[PDB]
C-alpha cells in the first residue's frame, strides 16, 4: 500500500498520506481528523486486511495523525502511487505540487499561500496551513501533497470540487515528521 491509497477506520474512509519509519518501526501518516477517535485501520471496505493502530493524533489546531503498522505481510512502499519519495521539504509560494487521494486520484496545481487559518467550525480551527488551487473531494483526506520526489503536505480540507475547480489546504508534513520523530523513506 502506498501514498494516496484508501484507508478505512471504524467510521469512514481516508487516504494514506506517506509511509514513514523510525528505526525498524513502520508507520503511516494521515490527517489528524481521520485519526481522531479511530483505533484500528484496515486496507479494505470489508475490513478484513488490518493495517495497524492509531499511535497519535493531532486535530484541531494541527491536522496530522500516525498509525503504527501491525500487518506484517503488506508491502509498505515509500512512494505515492508509483512515484518515489526521497525526502521532505518546505512548501513555498509558487511551488508546483501534486496531490493523490483515494477518491479523486492524482491532481496538480500550485502553492498559492502559506500559514493559512482554516475554520472548519464548532471550534475546529487549524492554523499554519498550506493553501493551494488543487481540488479534493470526500475520501481524499490525509493523502499526500508532493512535488517531484519531495514530500510536502497532508490533505486536510477545503472547498470546491474537481469538476468545477477548488481550493485545498494541507498540513505541512515536516511538522509531523518532527513531532513523531519519523522520517520518509
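Numbering follows the first chain given and starts at 1.
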- Please work out which of 38 to 46 and 145 to 153 has the higher mean CA B-factor as recorded in the PDB entry. 38 to 46
- Query: Out of 154 to 162 and 113 to 121, which one has CA B-factors that are higher on average in the deposited record?
  - Reply: 113 to 121
- Query: So among 168, 174, 19, 24, who wins on Cα B-factor in the entry?
  - Reply: 24
- Message: Can you tell me which of 103, 106, 87, 90 has the maximum CA B-factor listed in the PDB entry?
- Response: 90
- Task: State the tercile, meaning the lowest, middle or highest third, of residue 69 with respect to the CA B-factors recorded for its chain.
- Result: highest
- Note on the structure: Among the modelled residues of its chain, the C-alpha B-factor of residue 1 falls in the third labelled middle
